[PDB]
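Report on the following structure.
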Amino acid sequence: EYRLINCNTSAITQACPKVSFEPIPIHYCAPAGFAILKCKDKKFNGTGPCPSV
Amino acid sequence: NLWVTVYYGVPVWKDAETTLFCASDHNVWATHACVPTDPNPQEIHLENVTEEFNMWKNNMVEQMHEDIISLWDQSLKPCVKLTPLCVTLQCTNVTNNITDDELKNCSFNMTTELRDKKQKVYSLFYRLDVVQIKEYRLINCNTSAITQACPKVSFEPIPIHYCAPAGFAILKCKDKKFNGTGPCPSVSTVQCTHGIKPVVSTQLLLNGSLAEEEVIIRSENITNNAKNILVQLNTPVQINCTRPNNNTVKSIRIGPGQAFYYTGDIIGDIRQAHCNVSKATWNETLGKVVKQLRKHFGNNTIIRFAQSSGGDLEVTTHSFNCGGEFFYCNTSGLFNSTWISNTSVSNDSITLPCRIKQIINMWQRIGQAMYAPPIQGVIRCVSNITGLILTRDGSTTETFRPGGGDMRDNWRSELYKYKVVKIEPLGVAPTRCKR
Amino acid sequence: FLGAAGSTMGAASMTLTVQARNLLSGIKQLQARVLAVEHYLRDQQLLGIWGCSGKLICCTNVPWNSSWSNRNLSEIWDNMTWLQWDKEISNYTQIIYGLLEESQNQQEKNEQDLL
Amino acid sequence: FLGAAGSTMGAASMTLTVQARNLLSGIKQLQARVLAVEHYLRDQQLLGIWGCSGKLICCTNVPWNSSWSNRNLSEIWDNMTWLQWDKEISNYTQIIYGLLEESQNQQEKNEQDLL
Amino acid sequence: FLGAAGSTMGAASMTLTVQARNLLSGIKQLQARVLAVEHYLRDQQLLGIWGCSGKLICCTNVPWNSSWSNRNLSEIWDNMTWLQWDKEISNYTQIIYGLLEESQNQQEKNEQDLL
Ligand SMILES: *[C@@H]1O[C@H](CO)[C@@H](O[C@@H]2O[C@H](CO)[C@@H](O[C@@H]3O[C@H](CO[C@H]4O[C@H](CO)[C@@H](O)[C@H](O)[C@@H]4O)[C@@H](O)[C@H](O[C@H]4O[C@H](CO)[C@@H](O)[C@H](O)[C@@H]4O[C@H]4O[C@H](CO)[C@@H](O)[C@H](O)[C@@H]4O)[C@@H]3O)[C@H](O)[C@H]2NC(C)=O)[C@H](O)[C@H]1NC(C)=O
Ligand SMILES: *[C@@H]1O[C@H](CO)[C@@H](O[C@@H]2O[C@H](CO)[C@@H](O[C@@H]3O[C@H](CO)[C@@H](O)[C@H](O[C@H]4O[C@H](CO)[C@@H](O)[C@H](O)[C@@H]4O)[C@@H]3O)[C@H](O)[C@H]2NC(C)=O)[C@H](O)[C@H]1NC(C)=O
Ligand SMILES: *[C@@H]1O[C@H](CO)[C@@H](O[C@@H]2O[C@H](CO)[C@@H](O[C@@H]3O[C@H](CO)[C@@H](O)[C@H](O)[C@@H]3O)[C@H](O)[C@H]2NC(C)=O)[C@H](O)[C@H]1NC(C)=O
Ligand SMILES: *[C@@H]1O[C@H](CO)[C@@H](O[C@@H]2O[C@H](CO)[C@@H](O)[C@H](O)[C@H]2NC(C)=O)[C@H](O)[C@H]1NC(C)=O
Ligand SMILES: *[C@@H]1O[C@H](CO)[C@@H](O[C@@H]2O[C@H](CO)[C@@H](O)[C@H](O)[C@H]2NC(C)=O)[C@H](O)[C@H]1NC(C)=O
Ligand SMILES: *[C@@H]1O[C@H](CO)[C@@H](O[C@@H]2O[C@H](CO)[C@@H](O)[C@H](O)[C@H]2NC(C)=O)[C@H](O)[C@H]1NC(C)=O
Ligand SMILES: *[C@@H]1O[C@H](CO)[C@@H](O[C@@H]2O[C@H](CO)[C@@H](O)[C@H](O)[C@H]2NC(C)=O)[C@H](O)[C@H]1NC(C)=O
Ligand SMILES: *[C@@H]1O[C@H](CO)[C@@H](O[C@@H]2O[C@H](CO)[C@@H](O)[C@H](O)[C@H]2NC(C)=O)[C@H](O)[C@H]1NC(C)=O
Ligand SMILES: *[C@@H]1O[C@H](CO)[C@@H](O[C@@H]2O[C@H](CO)[C@@H](O)[C@H](O)[C@H]2NC(C)=O)[C@H](O)[C@H]1NC(C)=O
Ligand SMILES: *[C@@H]1O[C@H](CO)[C@@H](O)[C@H](O)[C@H]1NC(C)=O
Ligand SMILES: *[C@@H]1O[C@H](CO)[C@@H](O)[C@H](O)[C@H]1NC(C)=O
Ligand SMILES: *[C@@H]1O[C@H](CO)[C@@H](O)[C@H](O)[C@H]1NC(C)=O
Ligand SMILES: *[C@@H]1O[C@H](CO)[C@@H](O)[C@H](O)[C@H]1NC(C)=O
Ligand SMILES: *[C@@H]1O[C@H](CO)[C@@H](O)[C@H](O)[C@H]1NC(C)=O
């Protein structure tokens, strides 16, 4: 006798065979009244006072 | 020669049908989903505002009744459904090798984690949660769906502050001795109320606010008998309650990851749940009440008391929560007294018989059935007495009975001090300007 | 926020500057901040039509008709407080609201355009 | 609410005082009162930049360029109604919107600061 | 939208006319356009109380107290840029906000009513 691997505690669920698990890229936009900022500067150590922006 | 001007004046004091939100403060059923509570030291006292309340007609009570039922149902969602157990349960009395005589040892079949494999176990139940058909059906499989509550949340009253929406105002009189309504002269405003506790019971409020000096009887129409007469108490009374059963709670899994708890066995001292009331404290209470009911019925009246008439024990006896257990306690030794003619009318503890149920119907919403998970250890909870409900039944003699049943009267009992006003800041007062 | 609305008259108009800066500052709670922001809008909708464009305690040029409870408007100006006088003039609000747009705001708006 | 938009011209501007007081007065219906309140805002956003701060039927000091369908602006002012002339000037709106902020509102705003 | 906030001072106030016309133009995304429209409101709530009713780069009549980092206010006006000076005056904002409503807006508002 072989049990399924998750019937300790779960509920098995099939995914619908029409959708794709492909990464379809997401642009983000700010809400109306804020602003998205980015530095084009180079070689951060994670943080950094980036001059050009 | 008058020329009208336009202002932004203060008098806006109209009726406020409105919405409202909370300011409460673990994922216990209130969920802290309100706001962080401000220290709000802004009871801004006002000078000489003749304003009359109407505690019987406001939407604050109507919303509060709508909020908690929706909120408590929201905690009931992710829990286990658990309706495979509505099967042909068969039981017997609890066996004790021999003796004389509230428990049933029940033969019982059930599914397992796998779909086909069955499970013959046994458990214990009370009297009022099972019915004869020897075959014993559950008490609610007429028409319901049994639902377990999740054993991590608490049924404790965690107090809720209320705050007005941005543009309205919460008003309260600090004045004294309303007859329910009243043109209270002194008044202060707040943006945010004080903390009020989510308690629920009938025939006796508990853990509530206290009075000012005396009893404050509250009603609409004392000459009407169909009202629910509210009684505010000056001095609180200690109520100790217990379920003195050392009890073992076991756990099983009914299916694919659905745990379930049941009363396995008790260690051996079969007792009955009860509550002590200090005797001499209680007689000192009732003398205050008849002192005021002379003033509202007559100098030569006989004040009688009796128990509830009938109906369900939810209507009849004292509904009572305690520490994750939902008691039902008979209160016949509390209204066996008759006060006569309104003219010359210790170290003891009366004790009430209290029962235990597990299958509840909260706010009479038929179809919803919540299960009580039994808990291990013993039970102790202490509470004040603050609020009472009496009912004038239909000579100057008069009998009162402990009424109840609507939980709206419980929230109206502790929200009569408030009103909400809409704001329309526009004043048009003429002077002599012209230009 | 609020204060002194009870026992004064006209001197309450001295302190009509705290009465706005604290004003306006799931789904069931989201009815708030909609009708809350519909208010301060729908009056200032018509307040720009009154002629007084911003916050000035200001006078128009439309006449006060004396049919509207002509009672000692220098005397009742200071002693007899608001919330009493407001009920006296509660009946005549809509009619003034037709006179806010016809006197100054039909004639006088099209008289500065002559130049 | 609305009326006389059909057959008149300029005399419709006499009655531009009812056209605002009735204006702006689940989730699928809650898109309303958001874009409904985003409107009356985003124009009055730029209407304060026009110089005319409140409701005045008002004139600026920027020139009407006569390249923008110069057709008898005393004659067509009264006879030929709106919704015809609007299509004539439908093309030149964005360019005026650059001239609302440069003529009066780059020069003349920083000329009262000289004193 | 934004630009030249970095290296200039005062000449950035020349171009404070693009900074508003692009500004403000399920449930989780519907928190936007509520606090987004609560902003531009709650400042213009108090901006009408400042006295400057619309958009004018304008002066009041309340004094600048010189206790608030009196440092060469003709010299630092042009050279030393914003976001530096703002931290210098970050401490004294609330106190000016009491002086926006008392100097011009308690006295001077009830001085044009004398006539
Ligand atoms: C009217 O108002 C009064 C007070 O104003 C109120 O009384 C209070 O009731 C609550 C709940 O009934 C009491 O809180 C419980 O107290 C017990 C006892 O704790 C004491 O003893 C332990 C050890 O002896 C000390 O550590 C502690 O500091 C106290 O001295 C606690 O055991 C309870 O905590 C458990 O239960 C909670 C809810 O299940 C959990 O959140 C908590 O983490 C604990 O859980 C643990 O134990 C459980 C045991 O079964 C177990 O199931 C869990 O998984 C976990 O292991 C709880 O704090 C409080 O003491 C009362 N206070 C007073 C002064 O009487 C009344 O309840 C109120 N009336 C009504 C109707 O509500
Ligand atoms: C499991 O235990 C429960 C209780 O723990 C038990 O239910 C009780 O059974 C007894 C006996 O059948 C019932 O007792 C009756 O009670 C009334 C009033 O209390 C008495 O007057 C009755 O006496 C008359 O009837 C008898 C019937 O034969 C006569 O013999 C007698 O002489 C009298 O005429 C009688 O004692 C009691 O009502 C129930 N309880 C309830 C709530 O119904 C149950 O029987 C036990 N299970 C089994 C299988 O025995
Ligand atoms: C309900 O239960 C509580 C406690 O569970 C009871 O409170 C206890 O009351 C007794 C007397 O009423 C107190 O005893 C006295 O204490 C003083 C102080 O030291 C002592 O000097 C006296 O000689 C006497 O022993 C006891 O301290 C108190 N305990 C607590 C925790 O408050 C209460 O009385 C019970 N009420 C009823 C109606 O049963
Ligand atoms: C579910 O049941 C299985 C039964 O095999 C458990 O699997 C083993 O459990 C032990 C003890 O935790 C581990 O040492 C083994 O490594 C587990 N085997 C595998 C293949 O993982 C499993 O732990 C159970 N899960 C739960 C949550 O009880
Ligand atoms: C569900 O079935 C039970 C079967 O016993 C019913 O219980 C009794 O019904 C009669 C008639 O209404 C009452 O006089 C008894 O008092 C009931 N017994 C108890 C213990 O309550 C019950 O009424 C049925 N419910 C419905 C809705 O049909
Ligand atoms: C309180 O309720 C009672 C009855 O519910 C009202 O009593 C009635 O009063 C009128 C005139 O006083 C009598 O003609 C009726 O016969 C009375 N009703 C009965 C059933 O006898 C009483 O008016 C109510 N009080 C108030 C203040 O409304
Ligand atoms: C209910 O009856 C059952 C009858 O089986 C009792 O279960 C047995 O109890 C004895 C000792 O108490 C154990 O040795 C057996 O192993 C139990 N049987 C099973 C199948 O587990 C049970 O104790 C009774 N309930 C109570 C509360 O006494
Ligand atoms: C609560 O306790 C009282 C104790 O008196 C019970 O009332 C008695 O019930 C019997 C039959 O039901 C009557 O003959 C007596 O006259 C009743 N006495 C009184 C004072 O009412 C009552 O049944 C109990 N209620 C519950 C729900 O247990
Ligand atoms: C029941 O009410 C009494 C009111 O006298 C409470 O007793 C006081 O409560 C306040 C605030 O809750 C405390 O600051 C005092 O120290 C308490 N005094 C005493 C002597 O205890 C009492 O706390 C209430 N009961 C419960 C369980 O809260
Ligand atoms: C990383 O950069 C920070 C400043 O952004 C600086 O304080 C820190 O010393 C740097 N660390 C290293 C290892 O360069
Ligand atoms: C429980 O199931 C078994 C077989 O699965 C059966 O023999 C027994 O009678 C059932 N118990 C009851 C109370 O029906
Ligand atoms: C209760 O108060 C109201 C005013 O609030 C009054 O009209 C009524 O007569 C009072 N009734 C009694 C019994 O005092
Ligand atoms: C109940 O009995 C068990 C032994 O079966 C014991 O361990 C436990 O401490 C008892 N409960 C209490 C509260 O003492
Ligand atoms: C309560 O006490 C009074 C005297 O203090 C007494 O007259 C009365 O009978 C007592 N109550 C009862 C129900 O006995």
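Where in the range B:398-435 does the amide nitrogen come within less than 19 Å of the point 7 Å from the Cα of C:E108, taken along Cα to Cβ? Flagged as within label range: B:427-435. For B:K295, the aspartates and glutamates whose Cα falls under 17 Å of its own Cα, not counting residues fewer than eight places away in the same chain, are B:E213, B:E214, B:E220, B:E398.
What 222 nm value per residue comes from the helices of chain B, counting each DSSP H run with n ≥ 4 as -39,500 (n - 2.57) and dividing by all residues, nearest 500 deg cm²/dmol? Value at 222 nm, helices only: -3000 deg cm²/dmol. Computed from the alpha carbon atoms alone, the convex hull of the range B:354-396 holds 180 Å³ per residue. The convex hull around the C-alpha trace of the protein assembly as shown, projected and averaged over every direction, spans 56.2 square nanometres.
Over all Cα atoms in the range E:65-115, the spread is summed up by Rg and Dmax: 15.3, 46 Å.
Taking the label point 7 Å along Cα→Cβ, C:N61 and its counterparts in the other copies are spaced 2.4, 2.4 nm apart, in ascending order.
Given C-alpha coordinates of the range B:292-331, what is the ratio Rg to Rh with the Kirkwood estimate of Rh? On the Cα set of the range B:292-331, Rg over Rh gives 1.23. Taking every DSSP beta bridge that has both ends in the protein assembly as shown, the antiparallel portion is near 90%. Highest mean packing first, where packing is the average number of other Cβ atoms within 10 Å per residue, the peptides E:64-77, C:29-42, B:316-329 line up as B:316-329, C:29-42, E:64-77. Sketch the reach of a paramagnetic label on C:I27 as a point 7 Å from Cα along Cα-to-Cβ, and name the residues of the range E:8-30 whose backbone nitrogen lies under 16 Å away. So the set is E:26-30. Counting Cβ atoms of other protein chains within 10 Å of each Cβ in C:5-13 and taking the mean gives 5. According to the square roots a ≥ b ≥ c of the eigenvalues of the Cα gyration tensor, what is the shape class of the range B:318-435, taking rounded for a/c under 1.5, prolate for a/b larger than b/c otherwise, and oblate for the remainder? Oblate, because a/c is 1.5 or more while a/b does not exceed b/c.
Taking the helices alone, chain D has a mean residue ellipticity at 222 nm of -5000 deg cm²/dmol, built from -39,500 (n - 2.57) per DSSP H run of at least 4 residues and averaged over all its residues. Listing B:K120, C:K28 from fewest to most neighbouring C-beta atoms within 10 Å gives B:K120, C:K28.
Taking a quarter of the surface of the Cα convex hull of chain A gives a mean projected area of 9.8 nm².
Most exposed first by the Cβ proxy, i.e. fewest other Cβ within 10 Å, how do D:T8, B:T391 rank?
By the 10 Å Cβ count, ascending, the order reads D:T8, B:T391.
Think of it this way: in chain E, E:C59 stand alone, with no other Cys Cβ under 4.7 Å. Largest first, the three principal axis extents of the alpha carbons in chain B are 101, 61, 36 Å in whole numbers. Values of log10 I(q)/I(0) for the range B:201-277 across q = 0.13, 0.15, 0.17 Å⁻¹ run -0.72, -0.78, -0.84, by the Debye formula with one identical scatterer at each alpha carbon and no solvent.
Among E:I49, B:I98, the ranking by other beta carbons within 10 Å of each residue's beta carbon, starting with the fewest, stands as B:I98, E:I49. Could you sort out which of B:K197/B:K417; A:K38/D:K28; D:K55/D:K109; B:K172/E:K28; E:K28/E:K55 sit more than 26 Å apart by Cα distance in this structure? Beyond 26 Å between Cα atoms: A:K38/D:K28; B:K172/E:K28; E:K28/E:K55. With N the number of residues in chain E, Rg(Cα) / (2.2 N^0.38 Å) evaluates to 1.31.
Per residue of B:38-44, other chain Cβ atoms within 10 Å of the residue Cβ number 1 on average.
FYI the Cβ positions are ideal-geometry reconstructions off the backbone, even for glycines, and counts take in every protein chain you see. Every number in this text was worked out from the coordinates using simple rules, so none of it is lab data.
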